[PDB]
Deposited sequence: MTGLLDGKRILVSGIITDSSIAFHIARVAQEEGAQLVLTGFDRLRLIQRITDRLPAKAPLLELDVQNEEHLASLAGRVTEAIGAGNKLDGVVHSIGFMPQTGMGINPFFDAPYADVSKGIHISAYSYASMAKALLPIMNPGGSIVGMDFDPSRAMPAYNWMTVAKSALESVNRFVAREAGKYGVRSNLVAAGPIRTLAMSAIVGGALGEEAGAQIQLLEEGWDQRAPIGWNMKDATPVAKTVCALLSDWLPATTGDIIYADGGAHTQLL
């Protein structure tokens, strides 16, 4: 008798125990969801990580850049959930931007930007095209986003990728609505993941690290209810809220799991 009791939900984006998707999968499992998981490249690494989730879930290989993976996805999912069964939810927690994109903004070559927008924005439509035929009416497609309304230091082309992702969602909703399915994004505040901690520790340089740290601190002071960058649970709960039947008139939208920071100047 959980929030997602009996729902069949696909969750992508697990790579480490710090991934937002890991906590999405954990909360959803605690809430009665039967999950199908997607992973990219490091499959043996992902299997080991996912063994720590409350329940066992079938792991599938999915590179969003691979057209053959996408074409075979619906088949590979139906084979995992059972014939005659469909998905009730889909979670997109996929994002990437080469080193040059997140180095000055003018120094990122288009090849790097294009790979970033492919994986971070275009993939949301790729996943929808492939999974909507095997989704039930009342279904929910959730994507992971960060507020790209105003420009910020260090994130550069990843912010551009988010602006595109938000636009992609708005169109996915048009297609998803034909199937009785909702399409929405969760705009989260900064969450200290492996990539987030490394960059803050000066992996992408000192100027990048200092800027990210000021962003994080500014977030907790702006957020009326506070913001804990070490806690992905408030984000994971919000995604489950969208996967549930408790937001039935919300599509093409963005739900801000940011502590209320986007609503405050200072």
- Query: What portions of the deposited sequence, indexed from 1, have no corresponding C-alpha atom in the structure?
  - Reply: 1, 104-105
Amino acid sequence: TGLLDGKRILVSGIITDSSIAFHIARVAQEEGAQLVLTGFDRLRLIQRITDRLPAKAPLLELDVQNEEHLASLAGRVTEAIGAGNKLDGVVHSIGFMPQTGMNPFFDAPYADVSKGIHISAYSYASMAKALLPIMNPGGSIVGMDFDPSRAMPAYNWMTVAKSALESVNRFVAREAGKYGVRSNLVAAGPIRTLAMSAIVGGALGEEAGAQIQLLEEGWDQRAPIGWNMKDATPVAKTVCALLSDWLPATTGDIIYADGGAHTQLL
From here on, numbers count along this sequence of modelled residues.
- Comparing 80-88 with 151-159, the one whose average Cα B-factor in the PDB entry is higher: 80-88
- Higher avg CA temperature factor (62-70 vs 234-242, as deposited) belongs to 62-70
- Message: So if I compare the CA B-factors in the entry for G177, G95, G101, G143, which one is the largest?
- Response: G101
- Ordered by C-alpha B-factor within the chain, which third holds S183? Give me lowest, middle or highest, please. lowest
- Item | Within-chain third of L35 by Cα B-factor, per the entry | middle
- Item | Where the record places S114 (Cα B-factor, split into thirds across the chain) | middle
- Query: In terms of the CA temperature factor given in the entry, to which third of its chain does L53 belong: lowest, middle or highest?
  - Reply: highest
- C-alpha B factor of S120, ranked within the chain: lowest, middle or highest third? lowest
